[PDB]
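**Q** Build me a model:
(6 chains, ligands or ions: 5)
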Amino acid sequence: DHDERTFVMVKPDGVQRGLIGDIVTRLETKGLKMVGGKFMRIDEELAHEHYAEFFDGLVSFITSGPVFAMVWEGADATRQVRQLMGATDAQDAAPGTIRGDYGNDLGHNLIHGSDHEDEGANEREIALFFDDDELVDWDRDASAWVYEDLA
Amino acid sequence: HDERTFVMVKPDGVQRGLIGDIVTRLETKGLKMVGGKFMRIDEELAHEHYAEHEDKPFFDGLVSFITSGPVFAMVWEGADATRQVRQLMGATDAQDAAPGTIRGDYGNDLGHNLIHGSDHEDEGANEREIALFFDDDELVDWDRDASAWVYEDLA
Amino acid sequence: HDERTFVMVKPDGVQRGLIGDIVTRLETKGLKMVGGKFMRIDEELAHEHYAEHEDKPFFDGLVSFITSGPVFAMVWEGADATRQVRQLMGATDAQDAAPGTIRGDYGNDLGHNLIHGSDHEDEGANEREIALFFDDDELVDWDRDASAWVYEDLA
Amino acid sequence: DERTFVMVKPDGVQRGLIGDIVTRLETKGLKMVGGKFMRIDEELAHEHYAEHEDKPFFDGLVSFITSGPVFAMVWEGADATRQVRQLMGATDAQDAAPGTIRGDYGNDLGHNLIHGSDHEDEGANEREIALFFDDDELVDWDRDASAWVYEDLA
Amino acid sequence: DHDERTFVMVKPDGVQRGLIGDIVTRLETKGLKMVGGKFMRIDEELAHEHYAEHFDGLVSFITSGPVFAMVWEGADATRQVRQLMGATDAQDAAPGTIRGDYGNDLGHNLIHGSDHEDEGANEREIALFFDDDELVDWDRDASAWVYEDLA
Amino acid sequence: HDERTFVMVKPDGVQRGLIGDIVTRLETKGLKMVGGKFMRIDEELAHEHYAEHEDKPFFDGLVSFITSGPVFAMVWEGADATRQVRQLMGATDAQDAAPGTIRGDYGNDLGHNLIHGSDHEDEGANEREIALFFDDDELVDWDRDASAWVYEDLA
Ligand SMILES: [Ca+2]
Ligand SMILES: [Ca+2]
Ligand SMILES: [Ca+2]
Ligand SMILES: [Ca+2]
Ligand SMILES: [Ca+2]
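**A** Numbering: from 1, shown residues only, chains lettered A, B, ... in the order given. Ligands and ions are numbered 1, 2, ... in the order given. The structure is reproduced below:
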């Protein structure tokens, strides 16, 4: 079912390079539905909770400028976004994908999408970055043509 | 070089306003449009189109779907046209389809999978889907000069 | 139904691979395709379409142009569609059309000027040109659901 | 420098355009400085469209800006208010020049995609930003690219 | 006739922001034919020689980084490139022009094309920035469809 | 971060209006143009480039092609630049190239396959190709600011 959600973040390199609209439209175009978005700075203390799993370089980077955090909704949202991003290392990512098209590095890899193979990391990572009041429930009319949900 | 395939923007792609994006993708590839009709598909054309799925539980929905709004039907011409269009389309189920494909960029669904192209691994499916959707006189026979640069044999 | 205008991609934009680029503009504007035909145009039809320019000295070159290879003929529906298309297209001589318009971005010639649209300043010209290039069973009547978001009155 | 309030109204969210609008402001060289996807309530809507509590189209105007979520933003830059009104195009998308956001995307007065604080209404930028966003939601930052957008940061 | 040529260039601000191809695309999409193109850095002498008519901000800007210098051929190309570029102050430039869509300053105004009203300027700036051997004389078949008399 | 590769939009891509498209793709990847030259290759330069192929049947059709019209020659710099350009080009036969690669989206032929990149699996090809088409006066050392957001190691 189509209420599944995932967490997607455009990282400081994305935001610095002016790629947020680019990332947003590839997810829109795919038919996924935005339920949360905010342009925020991440504090060392929040970085520490996220990457609680080179640790102090990936903190220095996730905290080096503004991020644009998002929640995205739709069928198999977590897999779909993670297919769309291509391999985490943008140097091995396939052309067509976000990292394969805009990226040329491991640490500055444009974005984060929750991992579909670490179960629940989708709900863990949205609880961490958003509260239930920064999240919207609405019906995207065009989802009737995105899926058998149709007239 | 005269190979022809039949290609259709399905009701879902028409509704989401991707007729243009899709055409662009096919002329961008180097393929020549030789027919193009914006039409509604009748219940019998649809039974004929999905005939091979007559025995199947998923045959009512298909037919409801494809007749649920207009399509933009097309024929494209080019070297190895049929497979080419199947490569740009992506896997039948959009969810399994590589980004960079029509279905992988635009679709998230098996049923509403945006588009159809004749199956290359089913000989004569291409010319049969053409005759089905198009009369002889609707197909247009032209010399697009930009093929001298799309194709080494036309140079 | 709403207002409707004849829109045509001309032989030059078909040859240059811009059909999809042109369709996309009218689609993302909010306009609804209602007719669409890839076709060739003969001198006869060309004489009847540019009937009014028969005396002028650029008639014979004009007719030779739109018969010089295929076109992509369409009908578009929406609020004020005849006017909106002509603003999208821009001034008739592409060298004077403004960037952002089809002709401004895509052409620079007045004869080879990419697209034709019904003249909203010429009463009923839209309806006459629609009836010329299409018949009623070629014009799909449908409900484009995203029109509820394009238009307040429709919602 | 200047900041402005720009909103993708519910028609633009629904139609899947928030990426396109955001891109056009990015490539113009302006700096996103806040942004937030949210549902507007009737209170906030009555307050934003308070210049028109008197007109007949008010009741319907407020039904629209609360009919679905919007994407609420703040952008910084040289003349950021005239410029984002310049890119938006005329209020009536039907008269909006092609090239602008309403001229390319819109075909209507009431569903006209986007809002951008009026630049003739001195202080509607600060007021409208003050109305949609608290200052904790606003990120100060130095965008290294602005050194090539502007010959005052070079 | 169709042999009119004009000089065009992507100024350093445009090279730094990765808009070389966006600008080239706009000009080829208009039907102009490229006959010269060279990625290059402008020494202060050539700068002074290019800006003869005029100044201290200019020189410092145009030598500030590499440019992409071009020459395009087509009907009324000088005028058409000027219309496509937009108003020198990119803040007064209309959306749909290069400066309208990309620029927010007049120092950093993305690009230069020869003034069509300053007669002979096209042939001068060309003849300055390119040796005649670097200008390519070819027939773009697509021009038979760009232009009626070339049909 | 200092590795360089030669890349060249071939006569077909030049002729079809794709220089900008290709240049955008590489720019967008975060690679850095360091040289760039619109030019005609003559028979002898085409022989030096495709010397590794005097032997084969297609040799003479290949230099025929590579000299049939101007090309746009380039050098790009970036981490792993030779291999990244090849990943973005796709397979050399365009008909096998995955959609989303250059040859995948834009081509439909073997000979007319749009673009050349230095083969990363041939040590020294990138530098030999660069030295052959360009001199060092033409290559530009400059510092791309955005690099410090493309690559972690540059910040
Ligand atoms: Ca069948
Ligand atoms: Ca008729
Ligand atoms: Ca009839
Ligand atoms: Ca050399
Ligand atoms: Ca030498």
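
**Q** from here on, contacts and neighbour counts on C-alpha atoms
**A** Noted.

**Q** Quick check: residues of chain A near chain C?
**A** Counting by CA under 8 Å from any CA of the partner chain, the residues of chain A lying close to chain C are A:141-142.

**Q** Residue A:19: what's its closest spatial neighbour, skipping adjacent residues?
**A** Closest residue to residue A:19 apart from its sequence neighbours, by CA to CA, 6 or more residues apart in numbering or on different chains: residue D:23 at 7.5 Å.

**Q** for the one you found, what are its contacts?
**A** A:18-22 (CA atoms under 8 Å, 6 or more residues apart in numbering or on different chains).

**Q** And stretch A:3-16, end to end?
**A** Chord length of stretch A:3-16, first to last residue, is 32 Å (CA to CA, to the nearest Å).

**Q** same question, stretch A:47-63
**A** Taking CA to CA as the measure, stretch A:47-63 stretches 7 Å from start to finish.

**Q** on that earlier part again, now the residue nearest to residue A:19: which helix or strand?
**A** Residue D:23 belongs to helix D:18-28 when assigned by DSSP states H and E.

**Q** Let me know the angle separating that helix from helix A:20-29.
**A** Angle, helix D:18-28 to helix A:20-29, by axes from the mean of the first three to the mean of the last three CA atoms, to 10 degrees: 160 degrees.

**Q** Contacts for the next helix or strand after helix D:18-28, please.
**A** For helix D:18-28, the following helix or strand on the C-terminal side (DSSP H and E) is strand D:31-38. Residues outside strand D:31-38 that contact it (CA under 8 Å, 6+ apart): A:35-40, A:134-136, D:26, D:69-77, D:137-141, D:143.

**Q** can you give me how far the helix holding residue D:23 is from the chain middle?
**A** From the chain centre to the centre of helix D:18-28 is a distance of 11 Å (CA atoms, centre = their mean, to the nearest Å).

**Q** What residues of it count as buried?
**A** Across helix D:18-28, burial judged by 16 or more other CA atoms under 10 Å in any protein chain shown covers D:18-28.

**Q** Closest one to chain F out of those residues, please.
**A** For the buried residues of helix D:18-28, the closest approach to chain F (CA to the nearest CA) belongs to residue D:27, at 13.2 Å.

**Q** show me the contacts for that closest one.
**A** Taking CA under 8 Å, 6+ apart, we find residue D:27 in contact with A:18, E:101-103.

**Q** Dump those into TSV; add distance to ligand 1 as well.
**A** As requested, the contacts of residue D:27 are arranged in TSV below (distance: CA to the ion, whole Å):
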residue	distance to ligand 1
A:18	45
E:101	47
E:102	48
E:103	52
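
**Q** filter these down to the ones near ligand 2?
**A** Applying CA under 5 Å from the ion, the subset of these adjacent to ligand 2 is empty.

**Q** which among the residues you listed gets closest to chain B?
**A** Among these, and counting by CA to the nearest CA, the member closest to chain B is residue A:18, at 20.7 Å.

**Q** where does that closest one sit relative to ligand 4, distance-wise?
**A** Residue A:18 sits 36 Å away from ligand 4, going by CA to the ion, to the nearest Å.

**Q** Give me the phi and psi for that residue.
**A** For residue A:18, the backbone dihedrals (degrees, to the nearest 10) come out as phi 70, psi 50.

**Q** From chain C, how far out is residue A:85?
**A** Applying CA to the nearest CA, to the nearest Å, the value for residue A:85 to chain C is 26 Å.

**Q** now swap in residue A:74 and tell me
**A** Per CA to the nearest CA, residue A:74 is found 19 Å from chain C.

**Q** Same check on residue A:45?
**A** In this view, residue A:45 and chain C are 42 Å apart by CA to the nearest CA.

**Q** Quick check: that residue vs ligand 1, distance?
**A** For residue A:45, the distance to ligand 1 equals 58 Å [CA to the ion].

**Q** same check, this time on residue A:149
**A** Computed as CA to the ion, the residue A:149 to ligand 1 distance reads 25 Å.

**Q** Quick check on that residue: phi, psi?
**A** Phi and psi for residue A:149, reported as degrees, to the nearest 10, are phi -160, psi 20.

**Q** Bridged to residue A:5, which residues?
**A** residue A:73 (DSSP bridges).

**Q** Just want the residue of chain A that's nearest ligand 4.
**A** In chain A, no residue comes nearer to ligand 4 than residue A:104, which is 27.9 Å away by CA to the ion.

**Q** Now that residue. Its backbone dihedrals?
**A** The phi/psi pair for residue A:104 (degrees, to the nearest 10) reads phi -150, psi 50.

**Q** Kindly report the same for the one 3 residues further on.
**A** Its backbone dihedrals place residue A:107 at phi -70, psi -40, with angles given as degrees, to the nearest 10.
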